[PDB]
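What follows is a short report on a single structure.
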Amino acid sequence: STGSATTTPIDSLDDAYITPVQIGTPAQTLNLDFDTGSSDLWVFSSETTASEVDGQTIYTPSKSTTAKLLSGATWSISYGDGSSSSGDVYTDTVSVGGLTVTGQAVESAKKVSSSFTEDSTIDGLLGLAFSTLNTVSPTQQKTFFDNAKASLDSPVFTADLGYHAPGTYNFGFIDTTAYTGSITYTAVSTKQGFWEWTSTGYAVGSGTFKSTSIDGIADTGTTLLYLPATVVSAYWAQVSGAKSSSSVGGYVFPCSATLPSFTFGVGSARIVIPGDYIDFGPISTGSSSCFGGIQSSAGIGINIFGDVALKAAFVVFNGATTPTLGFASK
């Protein structure tokens with residue numbers, strides 16, 4: 001089997017992407033944030049504290065003939081940005097782009113933090129990291145991909161995120177029309193439960209490529225590109241007036257600037273992030289100071305190839321017995 005679903009930016013800055021997901025019988029369609037950096041499929045629901053719901057579509061398990069309470073199971077998750085959610089667990093039928101999993105753990109939120117409440121466009125998350133990170137207790141649950149895997153034509157999914165445009169998540173096949181040139185594959189470590197890999201270096205604009213190992217994670221649920229301070233300093237040094245602002249929380253630059261591209265290495269291959277992808281617009285409405293899309297990972301504890309990087313590529317998440325990641329230009 002295969003599935004194919006369109007993913008759409010939630011706003012004009014590509015802050016996140018939502019993908020429609022069918023849950024239950026009859027189907028309840030919720031727009032979920034597919035997150036290769038976490039491993040819980042959780043939804044706003046009829047159980048979510050009412051004051052914490054502001055415009056989201058909710059899952060109502062009592063209206064699904066295939067929903068079953070997973071007795072005794074609870075979940076609680078905190079994300080890298082400090083947001084969080086928690087609740088209890090149902091199993092139900094879940095379909096993405098025509099690919100159906102029965103008995104999927106659907107984690108029903110009783111509580112969500114303010115960032116989730118304030119984002120009316122995101123009805124929940126669908127985690128696509130390794131199932132070892134799943135937070136359900138006392139019995140850890142599998143991700144949608146892990147459950148689907150044995151049925152898939154090939155044990156893969158691909159992320160093809162758009163720049164200010166829709167894109168695609170495919171499951172079970174590689175669309176050879178969706179990228180240019182070849183796919184370069186690179187090793188993955190699952191030791192931390194992430195799609196963790198090592199980039200072979202970087203370039204700033206038309207500058208020479210610096211060969212250097214950068215360990216990081218491919219994370220569709222993170223907006224920006226977080227890299228070591230040395231790398232990020234080298235990038236912003238090429239932008240007149242750019243500076244790191246502790247008050248704002250990162251690198252800012254004059255909105256009048258033209259930003260250079262940023263290249264990252266995948267083996268001997270190179271992925272180029274256009275400068276426009278790195279402009280995240282005014283820090284506040286009407287400001288002429290703009291927020292950078294490449295930021296330091298210092299004090300995050302890990303480098304993160306978030307949407308800024310991933311949307312410049314066609315990305316293969318290969319969940320074979322030995323997992324790998326593939327990147328192609330597009």
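Every chain in the structure tokens has a letter given in the order shown (A, B, ...), and although residue numbers restart at 1 in each chain, ligands are simply numbered from 1 in the order shown.
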
I'd like the neighbourhood of region 205-210 of chain A as a VMD selection string, where a residue qualifies if any of its atoms comes within 12 Å (using only C-alpha atoms), though same-chain residues fewer than 5 positions away should be ignored. chain A and resid 199 to 200 230 to 231 234 to 239 258 to 265 268 to 276

Within 10 Å of residue 198 (chain A), counting only C-alpha atoms, which residues qualify if same-chain residues fewer than 2 places away don't, as number ranges by chain? A: 186-189, 196, 200-201, 212-217, 265-267, 303

Kindly export the residues of the current selection with N, CA and C atoms, as a PDB file, in the first residue's frame.
ATOM      1  N   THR A 186      22.362   9.122   3.412  1.00  0.00           N
ATOM      2  CA  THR A 186      23.328   9.311   4.473  1.00  0.00           C
ATOM      3  C   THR A 186      22.865   8.535   5.715  1.00  0.00           C
ATOM      4  N   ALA A 187      23.813   8.130   6.549  1.00  0.00           N
ATOM      5  CA  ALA A 187      23.517   7.285   7.698  1.00  0.00           C
ATOM      6  C   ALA A 187      22.698   7.985   8.772  1.00  0.00           C
ATOM      7  N   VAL A 188      21.877   7.210   9.467  1.00  0.00           N
ATOM      8  CA  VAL A 188      21.054   7.719  10.558  1.00  0.00           C
ATOM      9  C   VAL A 188      21.439   7.002  11.848  1.00  0.00           C
ATOM     10  N   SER A 189      21.510   7.754  12.941  1.00  0.00           N
ATOM     11  CA  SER A 189      21.579   7.171  14.267  1.00  0.00           C
ATOM     12  C   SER A 189      20.222   7.302  14.928  1.00  0.00           C
ATOM     13  N   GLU A 196      18.573  11.326  13.121  1.00  0.00           N
ATOM     14  CA  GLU A 196      19.812  12.031  13.405  1.00  0.00           C
ATOM     15  C   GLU A 196      20.881  11.609  12.405  1.00  0.00           C
ATOM     16  N   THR A 200      27.958  17.132   6.001  1.00  0.00           N
ATOM     17  CA  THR A 200      29.385  17.156   5.688  1.00  0.00           C
ATOM     18  C   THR A 200      29.958  18.582   5.597  1.00  0.00           C
ATOM     19  N   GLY A 201      29.125  19.611   5.787  1.00  0.00           N
ATOM     20  CA  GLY A 201      29.640  20.968   5.898  1.00  0.00           C
ATOM     21  C   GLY A 201      28.691  21.998   5.344  1.00  0.00           C
ATOM     22  N   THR A 212      33.096  20.062   7.268  1.00  0.00           N
ATOM     23  CA  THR A 212      33.047  19.929   8.708  1.00  0.00           C
ATOM     24  C   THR A 212      31.811  19.125   9.070  1.00  0.00           C
ATOM     25  N   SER A 213      31.943  18.228  10.028  1.00  0.00           N
ATOM     26  CA  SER A 213      30.828  17.366  10.417  1.00  0.00           C
ATOM     27  C   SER A 213      29.863  18.092  11.330  1.00  0.00           C
ATOM     28  N   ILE A 214      28.595  18.113  10.938  1.00  0.00           N
ATOM     29  CA  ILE A 214      27.550  18.727  11.747  1.00  0.00           C
ATOM     30  C   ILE A 214      26.464  17.709  12.019  1.00  0.00           C
ATOM     31  N   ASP A 215      26.443  17.184  13.239  1.00  0.00           N
ATOM     32  CA  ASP A 215      25.438  16.217  13.650  1.00  0.00           C
ATOM     33  C   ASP A 215      24.137  16.952  13.947  1.00  0.00           C
ATOM     34  N   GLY A 216      23.015  16.492  13.417  1.00  0.00           N
ATOM     35  CA  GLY A 216      21.755  17.137  13.716  1.00  0.00           C
ATOM     36  C   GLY A 216      20.585  16.259  13.360  1.00  0.00           C
ATOM     37  N   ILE A 217      19.379  16.767  13.595  1.00  0.00           N
ATOM     38  CA  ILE A 217      18.180  15.994  13.311  1.00  0.00           C
ATOM     39  C   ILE A 217      17.359  16.618  12.197  1.00  0.00           C
ATOM     40  N   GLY A 265      25.907  20.291   3.250  1.00  0.00           N
ATOM     41  CA  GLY A 265      26.375  19.080   2.604  1.00  0.00           C
ATOM     42  C   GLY A 265      25.625  17.851   3.048  1.00  0.00           C
ATOM     43  N   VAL A 266      25.354  16.988   2.076  1.00  0.00           N
ATOM     44  CA  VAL A 266      24.831  15.653   2.327  1.00  0.00           C
ATOM     45  C   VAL A 266      25.775  14.735   1.580  1.00  0.00           C
ATOM     46  N   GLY A 267      26.681  14.071   2.294  1.00  0.00           N
ATOM     47  CA  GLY A 267      27.738  13.354   1.612  1.00  0.00           C
ATOM     48  C   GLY A 267      28.461  14.319   0.683  1.00  0.00           C
ATOM     49  N   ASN A 303      21.695  20.165  17.077  1.00  0.00           N
ATOM     50  CA  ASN A 303      21.456  20.917  15.854  1.00  0.00           C
ATOM     51  C   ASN A 303      20.187  20.397  15.189  1.00  0.00           C
TER      52      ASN A 303
END

With DSSP run on the backbone, what are the strand (DSSP E) residues within region 105-250 of chain A? I'd like them as an MDAnalysis selection string. chainID A and resid 105:112 124:127 156:160 167:171 184:187 196:204 210:218 225:227 243:245 250

Closest of A:41, A:141, A:227, A:245 to residue 297 (chain A) - atom-to-atom distances counting only C-alpha atoms: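 That would be A:227, the residue with the smallest distance to residue 297 (chain A).
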
Between CA of residue 253 (chain A) and CA of residue 300 (chain A), distance in Å (one decimal):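 Those two atoms sit 21.9 Å apart.
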
Could you check the closest approach to residue 95 (chain A) for each of A:121, A:48, A:76, A:1 and tell me which residue wins, using only C-alpha atoms? A:1

Those of region 44-211 of chain A in DSSP alpha helix (DSSP H), formatted as a list in words: residues 114, 115, 116, 117, 118, 144, 145, 146, 147 and 148 of chain A

Selected residues, N, CA, C and O atoms, written as a PDB file, in the first residue's frame, please.
ATOM      1  N   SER A 114      -0.484  27.082  26.025  1.00  0.00           N
ATOM      2  CA  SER A 114      -1.027  28.256  25.365  1.00  0.00           C
ATOM      3  C   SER A 114      -0.677  28.346  23.878  1.00  0.00           C
ATOM      4  O   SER A 114      -1.496  28.793  23.084  1.00  0.00           O
ATOM      5  N   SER A 115       0.529  27.933  23.501  1.00  0.00           N
ATOM      6  CA  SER A 115       0.937  28.011  22.097  1.00  0.00           C
ATOM      7  C   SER A 115       0.019  27.169  21.212  1.00  0.00           C
ATOM      8  O   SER A 115      -0.301  27.547  20.093  1.00  0.00           O
ATOM      9  N   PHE A 116      -0.411  26.018  21.713  1.00  0.00           N
ATOM     10  CA  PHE A 116      -1.321  25.181  20.944  1.00  0.00           C
ATOM     11  C   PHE A 116      -2.705  25.828  20.876  1.00  0.00           C
ATOM     12  O   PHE A 116      -3.302  25.903  19.810  1.00  0.00           O
ATOM     13  N   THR A 117      -3.215  26.302  22.004  1.00  0.00           N
ATOM     14  CA  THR A 117      -4.513  26.967  22.011  1.00  0.00           C
ATOM     15  C   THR A 117      -4.548  28.114  21.008  1.00  0.00           C
ATOM     16  O   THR A 117      -5.520  28.273  20.279  1.00  0.00           O
ATOM     17  N   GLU A 118      -3.468  28.886  20.967  1.00  0.00           N
ATOM     18  CA  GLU A 118      -3.393  30.097  20.153  1.00  0.00           C
ATOM     19  C   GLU A 118      -3.243  29.794  18.672  1.00  0.00           C
ATOM     20  O   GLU A 118      -3.484  30.653  17.826  1.00  0.00           O
ATOM     21  N   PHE A 144       2.267   6.138  13.640  1.00  0.00           N
ATOM     22  CA  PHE A 144       1.517   5.812  12.433  1.00  0.00           C
ATOM     23  C   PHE A 144       2.416   5.106  11.402  1.00  0.00           C
ATOM     24  O   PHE A 144       2.026   4.103  10.799  1.00  0.00           O
ATOM     25  N   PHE A 145       3.627   5.621  11.208  1.00  0.00           N
ATOM     26  CA  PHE A 145       4.549   5.040  10.238  1.00  0.00           C
ATOM     27  C   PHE A 145       4.960   3.640  10.660  1.00  0.00           C
ATOM     28  O   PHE A 145       4.983   2.736   9.838  1.00  0.00           O
ATOM     29  N   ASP A 146       5.282   3.452  11.937  1.00  0.00           N
ATOM     30  CA  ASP A 146       5.679   2.127  12.390  1.00  0.00           C
ATOM     31  C   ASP A 146       4.556   1.120  12.208  1.00  0.00           C
ATOM     32  O   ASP A 146       4.798   0.001  11.753  1.00  0.00           O
ATOM     33  N   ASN A 147       3.326   1.515  12.530  1.00  0.00           N
ATOM     34  CA  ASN A 147       2.187   0.634  12.323  1.00  0.00           C
ATOM     35  C   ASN A 147       1.956   0.337  10.840  1.00  0.00           C
ATOM     36  O   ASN A 147       1.598  -0.782  10.476  1.00  0.00           O
ATOM     37  N   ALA A 148       2.160   1.329   9.983  1.00  0.00           N
ATOM     38  CA  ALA A 148       1.903   1.169   8.555  1.00  0.00           C
ATOM     39  C   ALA A 148       2.966   0.355   7.842  1.00  0.00           C
ATOM     40  O   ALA A 148       2.724  -0.178   6.759  1.00  0.00           O
TER      41      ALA A 148
END

If you count only C-alpha atoms, which residues fall within 6 Å of residue 7 (chain A), apart from same-chain ones fewer than 2 positions away, as a list in words?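 Once the nearby chain positions are removed, what remains is residues 17, 18, 19, 166, 167 and 168 of chain A.
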
May I have the residues from that selection written out with N, CA and C atoms, as a compact mmCIF listing (two decimals), in the first residue's frame?
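The new file selection_19.txt reads:
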# COMPACT_ATOMS: atom_id res chain seq x y z
N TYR A 17 3.37 23.28 8.91
CA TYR A 17 2.61 22.72 7.82
C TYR A 17 1.55 21.78 8.39
N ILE A 18 0.36 21.80 7.82
CA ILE A 18 -0.72 20.92 8.23
C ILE A 18 -1.12 20.00 7.10
N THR A 19 -1.50 18.79 7.49
CA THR A 19 -1.85 17.72 6.58
C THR A 19 -3.15 17.10 7.07
N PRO A 166 1.87 24.72 -1.19
CA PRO A 166 1.66 23.35 -0.73
C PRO A 166 2.77 22.41 -1.19
N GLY A 167 2.84 21.29 -0.50
CA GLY A 167 3.79 20.23 -0.77
C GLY A 167 3.14 18.91 -0.48
N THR A 168 3.94 17.88 -0.25
CA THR A 168 3.43 16.53 -0.17
C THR A 168 4.19 15.67 0.84

Using only C-alpha atoms for the distances, tell me which of A:135, A:38, A:244, A:222 is nearest to residue 296 (chain A). A:244

Selection: 10 Å around residue 224 (chain A), only C-alpha atoms, excl. self and same-chain fewer than 5 positions, as a list in words: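 Non-adjacent residues within range: residues 14, 15, 16, 219, 277, 278, 280, 292, 293, 294, 295, 304, 305, 306, 307, 308, 309 and 310 of chain A.
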
Output C-alpha atoms for every residue in that selection, as a PDB file, in the first residue's frame.
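Saved to result.pdb:
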ATOM      1  CA  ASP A  14       5.679  28.817   6.583  1.00  0.00           C
ATOM      2  CA  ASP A  15       5.750  28.598  10.395  1.00  0.00           C
ATOM      3  CA  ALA A  16       4.433  25.013  10.209  1.00  0.00           C
ATOM      4  CA  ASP A 219      12.784  17.802  12.076  1.00  0.00           C
ATOM      5  CA  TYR A 277      13.870  31.204   2.704  1.00  0.00           C
ATOM      6  CA  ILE A 278      15.915  32.652   5.590  1.00  0.00           C
ATOM      7  CA  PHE A 280      11.174  35.404   8.623  1.00  0.00           C
ATOM      8  CA  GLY A 292      16.558  35.310  10.838  1.00  0.00           C
ATOM      9  CA  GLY A 293      15.761  31.795   9.734  1.00  0.00           C
ATOM     10  CA  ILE A 294      19.188  30.441  10.725  1.00  0.00           C
ATOM     11  CA  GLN A 295      19.770  30.577  14.471  1.00  0.00           C
ATOM     12  CA  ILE A 304      18.109  20.972  14.041  1.00  0.00           C
ATOM     13  CA  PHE A 305      17.503  20.839  10.312  1.00  0.00           C
ATOM     14  CA  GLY A 306      14.026  22.282  10.511  1.00  0.00           C
ATOM     15  CA  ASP A 307      11.646  23.393   7.785  1.00  0.00           C
ATOM     16  CA  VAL A 308      13.953  26.161   6.505  1.00  0.00           C
ATOM     17  CA  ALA A 309      16.424  23.460   5.447  1.00  0.00           C
ATOM     18  CA  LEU A 310      14.083  20.616   4.638  1.00  0.00           C
TER      19      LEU A 310
END

Taking into account only C-alpha atoms, which residue in the set A:142, A:313, A:162, A:124 is nearest to residue 102 (chain A)?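 Selected residue with least distance to residue 102 (chain A): A:142.
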
For residue 36 (chain A), the nearest of the candidates A:131, A:137, A:120, A:288, counting only C-alpha atoms: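 Between A:131, A:137, A:120, A:288, the residue approaching residue 36 (chain A) most closely is A:131.
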
Leaving out residue 56 (chain A) and any residue of its chain fewer than 2 positions from it, which residues lie within 12 Å of it when counting only C-alpha atoms, given as an MDAnalysis selection string? chainID A and resid 29:32 43:46 48 50:54 58:59 112 116:124

Could you dump the residues just selected with N, CA and C atoms as a short mmCIF file (atom, residue, chain, number, x, y, z; two decimals), in the first residue's frame?
data_model
loop_
_atom_site.label_atom_id
_atom_site.label_comp_id
_atom_site.auth_asym_id
_atom_site.auth_seq_id
_atom_site.Cartn_x
_atom_site.Cartn_y
_atom_site.Cartn_z
N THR A 29 -12.07 14.43 9.99
CA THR A 29 -10.85 14.95 9.40
C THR A 29 -10.29 16.09 10.24
N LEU A 30 -9.06 15.89 10.71
CA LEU A 30 -8.32 16.89 11.48
C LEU A 30 -7.05 17.24 10.72
N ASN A 31 -6.60 18.48 10.86
CA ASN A 31 -5.38 18.94 10.21
C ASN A 31 -4.24 18.87 11.19
N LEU A 32 -3.32 17.95 10.94
CA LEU A 32 -2.27 17.63 11.91
C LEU A 32 -0.92 18.14 11.41
N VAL A 43 -4.34 14.71 19.48
CA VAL A 43 -5.35 15.58 18.90
C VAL A 43 -6.11 16.37 19.95
N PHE A 44 -6.51 17.58 19.55
CA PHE A 44 -7.58 18.27 20.26
C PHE A 44 -8.81 17.38 20.19
N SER A 45 -9.58 17.36 21.26
CA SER A 45 -10.68 16.41 21.35
C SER A 45 -11.83 16.94 22.19
N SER A 46 -12.89 16.15 22.26
CA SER A 46 -14.02 16.45 23.13
C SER A 46 -13.64 16.43 24.61
N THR A 48 -10.70 17.89 25.64
CA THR A 48 -9.79 19.01 25.89
C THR A 48 -10.48 20.11 26.69
N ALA A 50 -12.10 23.12 27.88
CA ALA A 50 -12.80 23.99 26.94
C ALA A 50 -12.10 25.33 26.73
N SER A 51 -11.58 25.91 27.81
CA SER A 51 -10.91 27.20 27.73
C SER A 51 -9.59 27.13 26.96
N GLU A 52 -9.14 25.91 26.66
CA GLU A 52 -7.88 25.72 25.94
C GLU A 52 -8.09 25.39 24.47
N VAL A 53 -9.35 25.40 24.03
CA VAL A 53 -9.70 25.19 22.63
C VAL A 53 -10.16 26.54 22.08
N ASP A 54 -9.55 26.95 20.97
CA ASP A 54 -9.89 28.22 20.34
C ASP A 54 -9.84 28.08 18.83
N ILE A 58 -12.00 19.28 16.67
CA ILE A 58 -11.75 18.29 17.70
C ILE A 58 -12.16 16.90 17.22
N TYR A 59 -11.45 15.90 17.73
CA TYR A 59 -11.83 14.51 17.61
C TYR A 59 -12.78 14.16 18.74
N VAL A 112 -3.65 21.34 26.93
CA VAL A 112 -2.66 21.80 25.98
C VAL A 112 -2.14 23.14 26.48
N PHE A 116 -0.41 26.02 21.71
CA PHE A 116 -1.32 25.18 20.94
C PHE A 116 -2.71 25.83 20.88
N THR A 117 -3.22 26.30 22.00
CA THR A 117 -4.51 26.97 22.01
C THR A 117 -4.55 28.11 21.01
N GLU A 118 -3.47 28.89 20.97
CA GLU A 118 -3.39 30.10 20.15
C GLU A 118 -3.24 29.79 18.67
N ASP A 119 -2.85 28.58 18.34
CA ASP A 119 -2.75 28.22 16.95
C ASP A 119 -3.99 27.46 16.50
N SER A 120 -4.96 28.20 15.98
CA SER A 120 -6.23 27.61 15.61
C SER A 120 -6.14 26.68 14.41
N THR A 121 -5.05 26.77 13.65
CA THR A 121 -4.89 26.00 12.42
C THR A 121 -4.37 24.58 12.64
N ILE A 122 -3.84 24.30 13.83
CA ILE A 122 -3.24 23.00 14.13
C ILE A 122 -4.15 22.22 15.09
N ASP A 123 -4.71 21.12 14.60
CA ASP A 123 -5.63 20.29 15.38
C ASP A 123 -4.94 19.19 16.18
N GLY A 124 -3.62 19.09 16.06
CA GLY A 124 -2.84 18.09 16.75
C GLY A 124 -1.57 17.82 15.99
#

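Separating CA of residue 240 (chain A) from CA of residue 287 (chain A) is a distance of 17.1 Å.
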
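Taking CA of residue 9 (chain A) as the reference point, CA of residue 164 (chain A) is found at 6.8 Å.
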
Restricting the calculation to only C-alpha atoms: of A:321, A:256, A:62, A:78, which residue gets closest to residue 281 (chain A)?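 Checking each of A:321, A:256, A:62, A:78 against residue 281 (chain A), counting only C-alpha atoms, the winner is A:256.
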